[PDB]
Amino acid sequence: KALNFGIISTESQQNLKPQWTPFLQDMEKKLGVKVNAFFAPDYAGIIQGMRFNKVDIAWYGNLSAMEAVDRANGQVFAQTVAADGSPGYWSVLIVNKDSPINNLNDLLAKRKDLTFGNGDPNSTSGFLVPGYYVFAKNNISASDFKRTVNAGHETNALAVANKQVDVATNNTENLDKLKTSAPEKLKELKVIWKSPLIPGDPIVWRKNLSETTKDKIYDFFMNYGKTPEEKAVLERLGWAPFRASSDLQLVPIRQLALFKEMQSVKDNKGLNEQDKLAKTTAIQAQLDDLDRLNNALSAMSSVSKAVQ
């Protein structure tokens, strides 16, 4: 039977395939089962594919993993690891190198004359992270810009390269990826803002997979990258071997989704003091649970593993 592997629409498929085709082939081989590469116009397409069973395993950014866990039966089992040792990556805003915009203050000031390349609604670095640190903390929305459009990281970055949009979201991984796909364009870009650290991308399966199939998949990801051959496959992906993971790694993305809601609620002029208080306290409760869980994780000295 077929396995469908979902690959989020970070880049065009022409650019995605040389990174992923050797990976997927190596999976076919080790599992002795066909592995179809699954693509979509947006992240939602990979998500809903999982919801309807056409997608078995997937590389997600954290936010779309979260969405896949709450709405598409997904579950995190591995986490990707940067080749160069970074413990994650960062969201950025980019403008053309010629632009007189140099930082967020400049951007905010001139927002009304500027077109904006927003990210994919399900993108962590493209949408949620600047959505909070750039827009919500500053009480502004994308609609305060001259014009606003949602696109993937490569589209947004080419658009800025070609002076087709004034400013856009992106991230530092995508900028290295562009160094391979379009170095004369990357040439043209300038970072004007960089977010806090975002944790590495999870790899996610659908739970309603067989006990046996999960086991095969998981052994493959945990053991991949020993040979010189597979090391190269990973380097091309910018990764080092995989780490074991769980839904726990989504914690801070959940806290961030809530900070933003919190801030949106506080700034909403269309609400009572009373409506606010209902909403904020409901948000506060979830935020406290997550704080206490982070305290528990930090305080763990060992992992009790039961003796059979």
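Throughout, we count residues from 1 along the sequence that is shown.
- Taking only CA atoms, the mean B-factor in the PDB entry is higher for 209 to 217 than for the other of 209 to 217 and 88 to 96.
- In this entry, 171 to 179 shows the higher mean Cα temperature factor of the pair 171 to 179 and 198 to 206.
- Residues shown: 51, 266, 279, 260. Highest C-alpha temperature factor in the entry: 51.
- By the numbers in the PDB entry, the CA B factor is greatest at 236 among 190, 137, 153, 236.
- Among the modelled residues of its chain, residue 241 has a C-alpha B-factor that falls in the middle third, as given in the PDB entry.
- Sort the chain's modelled residues by C-alpha temperature factor and residue 43 lands in the middle third, per the entry.
- Sorting the modelled residues of the chain by their CA temperature factor places residue 284 in the lowest third.
- Residue 294: CA B factor in the lowest third of modelled residues in this chain (values from the PDB entry).
- When the modelled residues of the chain are ordered by their C-alpha B factor, residue 70 lands in the middle third.
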